[PDB]
Visitor: 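Shown below is the structure under consideration.
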Amino acid sequence: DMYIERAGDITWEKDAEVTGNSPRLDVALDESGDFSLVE
Amino acid sequence: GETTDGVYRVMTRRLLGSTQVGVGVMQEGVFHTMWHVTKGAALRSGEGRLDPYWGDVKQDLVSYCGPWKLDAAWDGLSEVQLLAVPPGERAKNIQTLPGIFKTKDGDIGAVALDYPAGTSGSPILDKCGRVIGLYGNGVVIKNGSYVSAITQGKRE
Ligand SMILES: Cc1cc(CO)c2cccc(CC(=O)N3CC[C@@H](N)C3)c2n1
């Protein structure tokens, strides 16, 4: 049996840690909702 | 139960200790998460019970107590914040410029940020603090690193 606990407000936080890249990826989505790399 | 807007942890006791299986968003009295987190099972909020209302395994989305409410979209240009909520750790904004999932049915936002699977359901925000989608359905790339779709549902 599953339960929820509050973990914060939803707010844009100015000067948050800035990171991660921006790849353009060719993908397929199957009937099971799993993404895959179309190569 | 607790129906304050904001982000919440999704926990189970069915395994050793209390385990965080995912994250979700409460807005306008509706709780929003990813299908792979709850499997469409009911949820507890104190004494309150949350029953599933809508879901789709292919979108990997599910709403509790009402229809999907989150309709804001990545604009295709601006940076975004992943409001990440990892197991055992406090809520942490992470700013990024999304990449792109190219598919036969269209192009989708994607964020290249790697976090435990228990983080599945954490929201992604625009500069106005609106939820443009949820984190935790994506792919492992050549490097072995994880990339997640910005998964958004349709509001009626
Ligand atoms: C293997 C892996 C690794 C990482 C990070 O390294 C993940 C981060 C967030 C979320 C998921 C879960 C996920 O993407 N799906 C489950 C359901 C299916 N449709 C996709 C992660 N799965």
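Every chain is numbered from 1, with letters handed out A, B, ... down the list of sequences. What you see below is based on every heavy atom in this structure, not just the backbone, and it leaves out hydrogens, waters and symmetry mates. Both counts, for ligands and for their atoms, begin at 1 and track the order of listing.
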Visitor: Atoms of ligand 1 less than 4.0 Å from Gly33(A) heavy atoms?
Guide: 19 (N)

Visitor: Report the part of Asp114(B) (side chain from C-beta onward, or backbone N, CA, C, O) that has a heavy atom under 4.0 Å from ligand 1; answer both or neither where that applies.
Guide: side chain

Visitor: Provide the closest heavy-atom pair for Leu61(B) versus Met34(B) in the form atom of the first, atom of the second, distance.
Guide: CD2-CE, 3.7 Å

Visitor: Could you identify the single nearest non-hydrogen protein atom to atom 1 (C) of ligand 1 and state the distance to 0.1 Å?
Guide: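 Going atom by atom, the protein heavy atom closest to atom 1 (C) of ligand 1 ends up being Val140(B) CG2, 4.5 Å.
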
Visitor: Side chain or backbone of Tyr115(B) under 4.0 Å from ligand 1, or both, or neither, by non-hydrogen atoms?
Guide: backbone

Visitor: If only side-chain N and O atoms count, and only distance matters, is there a donor-acceptor pair under 3.5 Å linking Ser122(B) with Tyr115(B)?
Guide: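 Their side chains do not contain a donor-acceptor pair, so the 3.5 Å distance test is not met.
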
Visitor: N/O to N/O below 3.5 Å, does that happen between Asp60(B) and ligand 1?
Guide: no

Visitor: Any non-hydrogen atom of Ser120(B) lying under 4.0 Å from ligand 1?
Guide: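 Contact check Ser120(B) vs ligand 1: positive.
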
Visitor: Below 4.0 Å from ligand 1: does a non-hydrogen atom of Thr119(B) turn up there or not?
Guide: no

Visitor: Is any heavy atom of the protein nearer than 4.0 Å to atom 11 (C) of ligand 1?
Guide: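 Yes, because at least one protein heavy atom sits under 4.0 Å from atom 11 (C) of ligand 1.
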
Visitor: CG of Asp26(A) to CG of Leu37(A): how many Å apart, nearest 0.5 Å?
Guide: 9.0 Å

Visitor: Heavy atom to atom 19 (N) of ligand 1, shortest distance: which of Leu29(A), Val57(B), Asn137(B) holds it?
Guide: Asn137(B)

Visitor: Could you report the tightest heavy-atom contact between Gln152(B) and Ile132(B), atom names first, then the distance?
Guide: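 Distance-wise, the nearest heavy atoms are CB-O, 3.4 Å.
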
Visitor: Check for a donor-acceptor pair, side chain of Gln59(B) on one end and backbone N or O of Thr151(B) on the other, with a separation under 3.5 Å.
Guide: no

Visitor: Hey, which atoms in ligand 1 end up nearer than 4.0 Å to a heavy atom of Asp34(A)?
Guide: 18 (C), 19 (N)

Visitor: Can a donor-acceptor pair be found, under 3.5 Å and without considering hydrogens, that links the side chain of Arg155(B) to the backbone of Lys69(B)?
Guide: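 Pair found, side chain donor or acceptor close to backbone of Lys69(B).
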
Visitor: Return the residue, atom name and 0.1 Å-rounded distance of the protein heavy atom closest to atom 14 (O) of ligand 1.
Guide: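 Protein heavy atom with the smallest distance to atom 14 (O) of ligand 1: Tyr146(B) OH, 2.5 Å.
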
Visitor: Main chain of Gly46(B), side chain of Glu2(B): is a donor-acceptor contact present, judged purely on distance under 3.5 Å?
Guide: no

Visitor: State whether the side chain of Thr103(B) and the backbone N or O of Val27(A) hold a donor-acceptor pair below 3.5 Å, judged by distance alone.
Guide: no

Visitor: What protein heavy atom is closest to atom 15 (N) of ligand 1, reported as residue, atom name and distance in Å?
Guide: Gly136(B) O, 3.4 Å

